[PDB]
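Below you will find one chain, with nothing else, as structure tokens; this is the form deposited in one PDB entry, and questions on how it binds or moves follow later.
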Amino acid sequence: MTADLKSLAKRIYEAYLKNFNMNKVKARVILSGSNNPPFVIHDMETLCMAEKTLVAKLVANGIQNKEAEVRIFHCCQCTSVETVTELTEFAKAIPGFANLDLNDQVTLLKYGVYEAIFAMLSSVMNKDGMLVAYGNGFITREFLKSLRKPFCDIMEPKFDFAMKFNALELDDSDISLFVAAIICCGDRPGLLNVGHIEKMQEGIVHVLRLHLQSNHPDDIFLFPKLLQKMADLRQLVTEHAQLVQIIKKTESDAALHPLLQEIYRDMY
């Protein structure tokens, strides 16, 4: 009569497979190289071609269309909004999460979503670029670096994180538990029921530790490596939020979707 941690790990993995449109298996199939192959965006010509096919409404305004960098900024936010919806549904599978007060659920998701986004973003990145638009585009790392400041500073730190994160060779069963652990941080600002959240965190981290022990017997330090990656993600989000605020304040055409402005409001 004890918790079945192996069953819980499988439940979390199944909830991740059901709730996230993108995962590492799907991304790798596309990145390896028959139907709906990804359009390569490596310069302004190919960006504009891709937009006309994949986000036609955004470029149907003629001389009124926004600057390319601002269009990219908007597209990035759209993915974040959708991923927040997926993360919110995923969180229901985490033991104890749905039993928390609604306000604590909101706070955990507020601080956790971008850490989870950047962790999962790594699955669609290689050293040369990243998948976009539900796997239907591939935008090169060099093209994103070529954008005018400060838009060229958005993605590069996330590539830097991803190259090292991907070198750990996690699979989706690992990532699902890592995302659940990200969401269950008992030290987020403003939590009410810290005690219950700490116990929820302890439980999911126990599931993660045992899973990594079983799934990665070759890497005895993988668990502390991932604890450090969680801290790295918190710093990456803090810096990202600062950049988003600079853009919002100084780029009169770069707007922030209201759901994301609420996430960012009073975060760091």
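Counting begins at 1, following the sequence as shown.
One more form of this protein, deposited with a partner chain bound, exists but is not displayed; see below.
Its partner chain: the contacting residue among 140, 103, 126, 193 in the entry with it bound [heavy atom, 4.5 Å]:
After the contact test, the surviving option is 103.
So which of 154, 175, 109, 147 reaches within 4.5 angstroms of its partner chain in the entry with it bound, heavy atom to heavy atom?
Looking at 154, 175, 109, 147 one by one, just 109 meets the 4.5 Å heavy-atom criterion.
Interface membership of residue 116, its partner chain in the entry with it bound, 4.5 Å heavy atom rule:
So residue 116 does not count as contacting its partner chain.
Classify residue 166 as contacting or not contacting its partner chain in the entry with it bound by the rule of any non-hydrogen atom within 4.5 angstroms, answering yes or no.
No, residue 166 sits far enough from its partner chain in the entry with it bound that none of its heavy atoms falls within 4.5 Å.
Answer for residue 89 alone: is it within 4.5 Å of its partner chain in the entry with it bound, judged on heavy atom distances?
Although its partner chain is absent here, residue 89 would touch it in the entry with it bound, with heavy atoms inside 4.5 Å.
Contact between residue 121 and its partner chain in the entry with it bound at 4.5 Å, heavy atoms?
No - in the entry with it bound, heavy atoms of residue 121 and its partner chain never come within 4.5 Å of each other.
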